[PDB]
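Structure at a glance
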Amino acid sequence: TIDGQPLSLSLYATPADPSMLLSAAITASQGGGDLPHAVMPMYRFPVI
Amino acid sequence: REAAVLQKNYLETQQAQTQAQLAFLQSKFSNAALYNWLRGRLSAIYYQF
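Presented here is a report on the structure given in the accompanying data block.

1. Describing the interface of chain A and chain B
- The partner chain B presents five residues to the six residues of chain A that form the contact.
- Its largest share of buried area at the contact with chain B, chain A owes to A:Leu21, A:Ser23 and A:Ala25, together 79% of the area lost on that side.
- The interface formed by chain A and chain B includes one residue pair in polar contact.
- Taken together, the residues of the side of chain A that touches chain B sort by class into four nonpolar, two polar and no charged.

Structure follows, in structure tokens:
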């Protein structure tokens, strides 16, 4: 203008949106229990 | 305006803490997956018993 102020208005850039935070549960896989060696005892079946 | 910016930072902190709680519920050992596996395995053993 006569005073130095601009006629055409300014551009308003869009701000960035807040992102959505993500989490996860990674999982493991260990081996199972393997059977030991069997020993024969001295007692009968109802006692053992 | 600066007070409102601090309020938005407070809300971002609340979102980060809720995400931390959700990550803890995922990463805990006693989560829902362990109880799902427990109820399936125990239902099988219960029926055979």
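Having seen it, we continue.
2. Observations concerning the layout of surface pockets
- Counted as a void, the largest pocket has a volume near 330 Å³.
- A:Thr27, A:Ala28, B:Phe29, B:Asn31 and B:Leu34 are the residues nearest the centre of the largest pocket, which is lined by 14 residues in total.
- Examining the composition of the lining of the largest pocket, we find that three residues originate from one element, helix α2 (residues 32-48) of chain B, more than from any other.
- Considered class by class, the residues forming the lining of the largest pocket number seven nonpolar, six polar and one charged.

Rules of the game
- Residues numbered from 1 in each chain as written, not as in the entry; some residues may be left out.
- Chains lettered and ligands numbered in written order.
- Part of a larger assembly, values for the part shown.
- Heavy atoms only, no water.
- Contact = heavy atoms within 4.5 Å.
- Buried area = accessible area lost by both parts, 1.4 Å probe.
- Polar contact = N/O pair within 3.5 Å; in protein donor to acceptor, adjacent residues only side chain to side chain.
- Nonpolar A, V, L, I, M, F, W, Y, C, P; charged D, E, K, R; others polar.
- 1 Å grid on protein atoms, 1.4 Å probe; cavity = no way out; pocket = protein on both sides within 12 Å on 5 of 7 lines; lining within 4 Å.
- Points joined across faces, edges and corners; volume = space filled by probe spheres on them.
- Helix = DSSP H or I, 4+ residues; strand = E, 2+ residues; numbered from the N terminus.

All quantities given are derived from atomic positions and should not be read as evidence of function.
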